[PDB]
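So the structure is just underneath, and the comments pick up after that.
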Amino acid sequence: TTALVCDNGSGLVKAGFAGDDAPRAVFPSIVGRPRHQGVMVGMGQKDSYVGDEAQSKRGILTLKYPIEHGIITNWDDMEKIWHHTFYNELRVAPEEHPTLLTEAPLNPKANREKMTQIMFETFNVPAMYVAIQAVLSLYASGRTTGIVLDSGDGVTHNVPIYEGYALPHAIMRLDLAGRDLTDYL
Amino acid sequence: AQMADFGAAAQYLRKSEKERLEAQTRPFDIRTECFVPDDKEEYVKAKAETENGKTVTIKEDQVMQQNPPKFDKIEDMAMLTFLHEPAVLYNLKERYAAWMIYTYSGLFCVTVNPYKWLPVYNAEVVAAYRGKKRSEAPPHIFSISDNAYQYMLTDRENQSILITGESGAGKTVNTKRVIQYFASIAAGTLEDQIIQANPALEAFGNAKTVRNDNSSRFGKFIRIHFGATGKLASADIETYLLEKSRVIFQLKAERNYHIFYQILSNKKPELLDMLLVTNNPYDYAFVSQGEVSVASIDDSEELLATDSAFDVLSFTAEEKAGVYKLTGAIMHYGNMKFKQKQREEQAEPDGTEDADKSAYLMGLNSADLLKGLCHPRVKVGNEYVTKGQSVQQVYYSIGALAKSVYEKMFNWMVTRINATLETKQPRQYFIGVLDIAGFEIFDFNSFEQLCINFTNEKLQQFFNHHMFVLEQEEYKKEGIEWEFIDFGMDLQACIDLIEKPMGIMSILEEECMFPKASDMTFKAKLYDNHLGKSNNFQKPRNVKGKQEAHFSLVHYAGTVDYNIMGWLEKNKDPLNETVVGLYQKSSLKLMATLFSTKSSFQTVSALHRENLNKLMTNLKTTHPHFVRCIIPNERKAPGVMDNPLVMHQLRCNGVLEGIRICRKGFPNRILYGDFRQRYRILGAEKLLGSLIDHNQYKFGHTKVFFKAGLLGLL
């Protein structure tokens with residue numbers, strides 16, 4: 001049975017099926033809630049919008065990222081985003097697919113513990129696994145040796161690898177990324 | 001004894017005592033003969049270890065212990081001990097093999113089309129049922145008609161006959177034979193008169209359905225009248241709600257009413273030239289959505305039959321050419337084309353050829369038609385003001401106009417026929433012959449199917465009410481103290497959420513009025529209002545390999561799934577009163593005769609529901625009598641029925657509902673003497689004080705009552 005790949009990131013969810021060449025779904029990792037009143041009776045008001053539906057209605061919503069610096073700081077919103085990713089974007093049943101999540105290095109243990117608990121309980125995945133983003137980047141580059149500088153929306157980190165051996169004492173993690181550049185701009 | 005006066009037909013109506021008495025002593029066991037499911041038969045006898053030509057070992061609480069051979073040819077399954085699907089299925093199979101196509105079912109009358117001429121109807125040698133009841137004679141529908149006669153005469157109350165009709169044949173022959181019986185009893189006859197102009201209904205209210213080729217898309221309620229003392233009078237037929245959405249929209253592999261294609265058969269070029277119309281069906285949209293022709297029937301002979309029907313009717317040249325003009329104009333509507341006015345939001349015409357055709361045809365003006373369509377007007381207080389229109393709104397208006405034209409033309413032909421078959425002295429009483437479409441379960445269910453299923457739901461709850469009150473009466477009769485929740489209403493009152501003005505169709509109109517409403521928004525609102533808060537409302541199981549549904553309801557005929565795509569287009573009917581006024585003045589006198597007699601909200605759902613309630617009130621004032629026709633096989637060969645088809649039919653025919661409800665008896669209600677004699681191996685007080693549960697029986701006035709599953713031991 002095929003497996004799912006769910007690179008979460010702090011600014012964009014990229015999900016797909018293990019074996020493809022590119023993520024099947026790429027949407028913002030964002031949850032919006034209406035701030036204004038709501039007058040048209042019967043318009044069918046939703047409580048919250050996720051993904052890029054919240055991006056087109058963003059004029060009336062207040063947007064929130066459930067991931068600040070690689071750390072998930074709102075587990076309800078993250079559960080909403082995962083539910084969306086599985087049912088509305090990929091349109092699968094999580095009970096029939098092992099899931100490969102991804103995480104940045106040097107971030108709290110409770111993050112991975114809650115990730116796996118959420119998966120196994122409120123999604124009933126058959127199995128899962130949590131990889132490191134830099135190792136996967138090196139896989140994709142077609143190498144077994146190199147220092148990879150990953151820089152997403154929340155966190156920048158270097159991981160030096162040699163012959164497939166990591167040097168965990170030389171991993172350096174920095175906490176300015178796309179979002180801090182957006183704020184500075 | 002009392003059967004040999006049917007002679008050669010007695011063998012069919014009730015076998016001689018010999019084969020029956022040798023059949024009541026068959027050696028069969030209650031613990032080595034059960035019923036198990038199957039792939040081709042779905043239900044088979046067997047010997048958990050089971051063998052009948054194929055071996056399987058399944059759970060021991062899914063097998064059906066076969067009925068005792070004491071009862072193995074009884075024509076009324078209301079007395080068996082093991083009431084379950086394969087029991088009734090193979091019981092009908094057997095009683096049909098040893099040819100007896102007639103059967104009693106509790107209160108229904110299940111008959112099967114034999115595909116074979118039988119003298120079981122003719123001559124009167126069999127029609128001697130005069131005076132008898134249903135319970136004593138062999139189970140013939142003529143006995144039912146005689147009971148209807150007796151009842152209508154002895155209570156002065158109207159009676160009702162409800163047959164299931166979506167079976168292609170068996171409906172026709174059964175209607176014919178019963179109306180012939182009624183002609184005989186209370187005696188160029190009225191039956192001749194009925195079948196003369198019937199091509200009218202055949203050509204206007206029938207079309208090729210994906211699982212048929214001649215389906216009545218309306219209800220036929222024949223009122224055959226009797227004298228105050230019981231001599232037949234003239235008979236006026238009544239028609240009801242029609243699937244008029246068919247006028248515009250048709251699914252794939254189907255088509256709308258025949259008359260279009262009959263005319264389009266290029267048979268009489270006088271018509272095709274009077275209507276300025278070609279013969280290619282793919283040029284007129286209101287008919288060319290599905291298939292343009294079915295090879296299972298020719299259209300020239302249909303046109304000629306319809307011409308003959310118009311001739312035998314009092315129609316003149318105008319009462320025929322005018323109807324042709326109405327149909328042609330409805331067809332020329334189908335390719336009316338409009339565009340937004342440049343730089344602004346208003347429909348503007350592009351090409352008026354079809355407008356010219358229609359204006360000439362109906363006796364209207366082209367400019368007046370175009371503007372009144374493009375500029376609706378309202379009576380605001382004591383003033384007149386024009387209304388602007390988007391293109392889609394005008395297309396809605398066009399479709400509604402065509403629908404109303406067709407509908408009122410149909411109704412007027414109904415009144416014309418009712419007049420042409422009416423000349424008689426003042427009458428009082430009549431018998432109702434209600435023909436109706438049955439339940440539908442196709443592989444792709446849509447809105448019209450929801451409508452028909454709701455109609456059948458109402459009719460089935462009606463029947464259940466009737467059987468409930470009759471059973472309650474019978475239980476009061478023998479002093480049998482037993483009360484229960486009303487079987488007739490409550491179990492189904494919860495599945496008519498569709499009618500509650502918050503349910504499915506209610507929310508449907510709500511969205512029809514709601515701006516920018518989409519099928520996704522509609523699905524959202526539905527799920528808000530019903531998902532989880534209803535047990536009958538459930539999410540469909542869309543497994544890849546089938547077309548997607550969007551919700552699932554649990555009716556009495558199983559659990560049905562629907563696909564909501566396109567329903568706003570099905571329900572909206574904003575009628576344009578300006579063109580109505582145009583019609584009410586037209587030179588084409590038929591148009592004026594149609595539309596002679598201090599709007600933008602009409603929904604097909606509303607009219608459908610109100611006509612349904614009208615028919616329900618029409619029924620509830622009378623006494624009903626039910627009939628269940630079955631098509632045994634699709635290859636039309638006599639003798640053998642294909643069990644999965646017939647099983648699905650009987651599921652949707654609703655007799656299984658009666659079985660399930662009598663299971664809540666005490667369906668088995670026997671006298672004292674019969675059980676005292678048959679089971680004396682050792683007045684009924686001592687016989688059943690010997691032994692089981694004491695609620696298994698209810699002793700009263702020489703009557704013993706048994707729950708199903710008790711006489712399989714005896």
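Every chain in the structure tokens takes a letter, A first, then B, and so on in the order presented; its residues are numbered from 1, and the ligands are numbered from 1 following the presented order.
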Long-range neighbours of residue 330 of chain B as a count of residues only, 12 Å cut-off, only C-alpha atoms, 2 positions minimum in chain: 39
Set out as JSON lines a contact list for chain B and chain A with a cut-off of 10 Å, giving each residue of chain B that qualifies its closest atom pair and distance in Å to one decimal, counting only C-alpha atoms, ordered by chain and rising residue number.
{"residue": "B:510", "atom": "CA", "partner": "A:42", "partner_atom": "CA", "distance": 8.5}
{"residue": "B:511", "atom": "CA", "partner": "A:42", "partner_atom": "CA", "distance": 8.4}
{"residue": "B:514", "atom": "CA", "partner": "A:42", "partner_atom": "CA", "distance": 7.4}
{"residue": "B:515", "atom": "CA", "partner": "A:43", "partner_atom": "CA", "distance": 8.5}
{"residue": "B:516", "atom": "CA", "partner": "A:43", "partner_atom": "CA", "distance": 9.3}
{"residue": "B:517", "atom": "CA", "partner": "A:43", "partner_atom": "CA", "distance": 8.5}
{"residue": "B:521", "atom": "CA", "partner": "A:44", "partner_atom": "CA", "distance": 7.1}
{"residue": "B:522", "atom": "CA", "partner": "A:44", "partner_atom": "CA", "distance": 9.0}
{"residue": "B:524", "atom": "CA", "partner": "A:44", "partner_atom": "CA", "distance": 7.3}
{"residue": "B:525", "atom": "CA", "partner": "A:44", "partner_atom": "CA", "distance": 6.5}
{"residue": "B:528", "atom": "CA", "partner": "A:44", "partner_atom": "CA", "distance": 8.8}
Which of segment 541-643 of chain B fall in strand (DSSP E or B), as a PyMOL selection string: chain B and resi 544+546+551-555+558-562+572+603+623-630
Residue 94 of chain A environment, 7 Å, only C-alpha atoms, sequence neighbours closer than 3 positions dropped, as an MDAnalysis selection string: chainID A and resid 86 97 123:125
Put those residues in a file: N, CA and C atoms, as a compact mmCIF listing (two decimals), in the first residue's frame.
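The new file out17.txt reads:
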# COMPACT_ATOMS: atom_id res chain seq x y z
N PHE A 86 -5.97 15.76 4.54
CA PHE A 86 -6.29 14.38 4.22
C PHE A 86 -7.59 14.27 3.44
N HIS A 97 -3.03 4.33 5.04
CA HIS A 97 -1.81 4.86 4.49
C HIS A 97 -0.84 5.19 5.62
N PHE A 123 -6.48 9.95 13.90
CA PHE A 123 -6.50 9.61 12.49
C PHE A 123 -6.33 8.13 12.22
N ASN A 124 -5.83 7.36 13.18
CA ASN A 124 -5.73 5.91 13.06
C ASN A 124 -4.93 5.50 11.83
N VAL A 125 -3.80 6.16 11.64
CA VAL A 125 -2.86 5.77 10.59
C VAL A 125 -2.32 4.39 10.94
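The protein and nucleic acid residues lying at most 9 Å from residue 170 of chain A are residues 158, 159, 160, 166 and 167 of chain A, with only C-alpha atoms considered and sequence neighbours fewer than 3 positions away removed.
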Write the residues of the selection above to a file with C-alpha atoms, as a PDB file, in the first residue's frame.
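Generated output (part-v7.pdb):
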ATOM      1  CA  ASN A 158      22.504  23.646   8.802  1.00  0.00           C
ATOM      2  CA  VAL A 159      23.107  19.906   9.026  1.00  0.00           C
ATOM      3  CA  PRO A 160      26.476  18.514   7.913  1.00  0.00           C
ATOM      4  CA  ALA A 166      25.236  13.077  10.653  1.00  0.00           C
ATOM      5  CA  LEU A 167      27.349  15.264  12.890  1.00  0.00           C
TER       6      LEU A 167
END
Can you tell me, as a PDB file with C-alpha atoms, in the first residue's frame, what residues are no more than 9 Å from residue 164 of chain A when counting only C-alpha atoms, ignoring any on the same chain fewer than 3 positions away?
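Result written to selection_26.pdb:
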ATOM      1  CA  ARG A 143      24.140  12.980  -2.582  1.00  0.00           C
ATOM      2  CA  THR A 144      25.348  11.324   0.592  1.00  0.00           C
ATOM      3  CA  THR A 145      27.763  14.040   1.716  1.00  0.00           C
ATOM      4  CA  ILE A 161      26.401  14.932   6.623  1.00  0.00           C
TER       5      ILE A 161
END
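Atom pair atom CA of residue 13 of chain B / atom CA of residue 705 of chain B: separated by 27.6 Å.
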